[PDB]
Structure formats: structure tokens, C-alpha cells
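The data below hold one chain only, encoded as C-alpha cells and taken in the form deposited in one PDB entry.
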């Protein structure tokens, strides 16, 4: 995948500022307008535009305050972006357009299209903004992903054949970047697919929504024991977490006896890789002296 940006710069004056844009391809015909979102720029389109520019003009602006465009004194609300993009389009004299849009670029493009429907000849889009009526409907990509991991067909192919837990989940669920040396330590026990059975068995047995019932029963049992036990307890948690959301850490502080909690900062699942010094030294402090 190409890392360069081999496009000549173009600028147009918009509402007293300059906006930068890519402009390539034939001068006649219907242009294709590419709109990026947060926190990107026309750079996001650098490897897509070369497929289109042989046949169609490609226009890719940097939104105001982003990319190589000016940084005026704005709040950068959506309405600001609407004003600057509206004026950009008129400054180039565009009549009909095809839109290729992403993220907040999709909100800008769909909003422009709805207001100018006779000028939009097609919309290509992806990963776009839609109205989310309740916070409970905010999309959680890991819902379908984790359910897929748990299946004996797709999940085994991912975890055993493609080593998705070593190559994907482990580094993705450390906030800081794991190094190649660390990855190679973690890779060593699983170089052969035939060794990866435990890696699939574990997620398949996580107790979720009562399934599997056998693990559900025993995990419920030890959580009831933990609620009853006076044993000293120390919980480390991070944000946003994965298995333990912050709301669950708070629930546990309300219900478990003799519990100390330590917030470690940013953390997904492998908290030991993000703040080992706090975890280790706080364990040491929590243990009684001799």
C-alpha cells in the first residue's frame, strides 16, 4: 500500500481562508468529489484516486482546519464545515458531481446531496454517520466479532488457521505499541497451527448470556463466593477496558468486601503491558510486610 502523496497542490480562496485540494483527471465530464472525515485529510484517498483519475476528474479537499487547509479561528462545528465546503464547491464552479464520502465527510456529502439532489449523480460511501437514537444502539463492532470467535467454523478458522488472537487481539488490546521482540516471545508457543487449540477453546467457553451453561454455573458460583468472602481483594482497572467496563468496576466496589481498587489509566485487556510499574508496585504495597 502506497505511502506517498504524489499530487500537485491546489488552493482556492473560501470565506477569506485558503483550502487545499487534490485536482487530477480529465477536465470534462462529471467530477468525483472525495470527502474525508476525522482525523484525516485528502491523504486518506491517495491510493484510491489513481484508479479513478484515468477516466474522471477527482477533487479531494482538505476540510477547513485540517490537512494543508488554513487554520482560522473557528469552533469547527459541523455548521462551520458546511459553510466552507459549500463555498469550496461553488468556487470551483462544480455543477453535477459524484460523491465518495466517509465518516464526517459522509455527513457533509449527504447533507449537501439532500439540499442539492439534482446535482448528485451517484454516492459511494462507507463507515458513515447516521442518527443513533439511544446510547444502547451505539455500534459495538466487537459484538459480532466476539460472537464469530466463539463459533467452531469461522472462529476456529480465525483463531487457529489465521492465528488471529496472537496477531490481532493481543496487540490491538494493548494501548501502547507492542514491539517485534515482544510479539516474537508471544508467538513462540504457537508457531504451528496444531498447537493453537487452547487459543480457541478459551473464548468459546467465556460465560456470556448464560452460555455455555456449565461455565456459567461455576463462574456464577465463585462470584457469589467472592461477594461473601472477607479475603483481601485488589482490583486493577483501566479505561475503556474490555472484559471489565468501568461501570462493572464500580459495581464491584459496591458489592465486594475488603476491596481496594487501583485505576491504571488507559487500558484495554492486557493491562500488564500498559502500566506494569503501577500494578507491580501497588501489589507490593498491598501485601503485608514481614
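Positions refer to the first chain, counted from 1. Rigid core: the largest C-alpha set superposing within 1.5 Å between the two forms.
Below: the form deposited in another entry, not depicted.
Once you line up the core between this form and the one not shown, the CA of 161 is the only one from 161, 79, 127, 95 that shifts by 2 Å or more.
Taking 2 Å as the criterion, residue 40 does not count as shifted between this form and the one not shown: its C-alpha moves by less than this amount when the rigid core is aligned. Residue 104: CA moves less than 2 Å between this form and the one not shown after rigid-core fitting. Superposition of the core reveals a Cα shift of 2 Å or more for residue 258 between this form and the one not shown. Shown here is a form in which the CA atoms of residue 130 and residue 239 lie at least 3 Å closer together than they do in that other deposited form. Pairwise change in that other deposited form: residue 143 and residue 38 C-alpha atoms lie closer than in the shown form, at least 3 Å.
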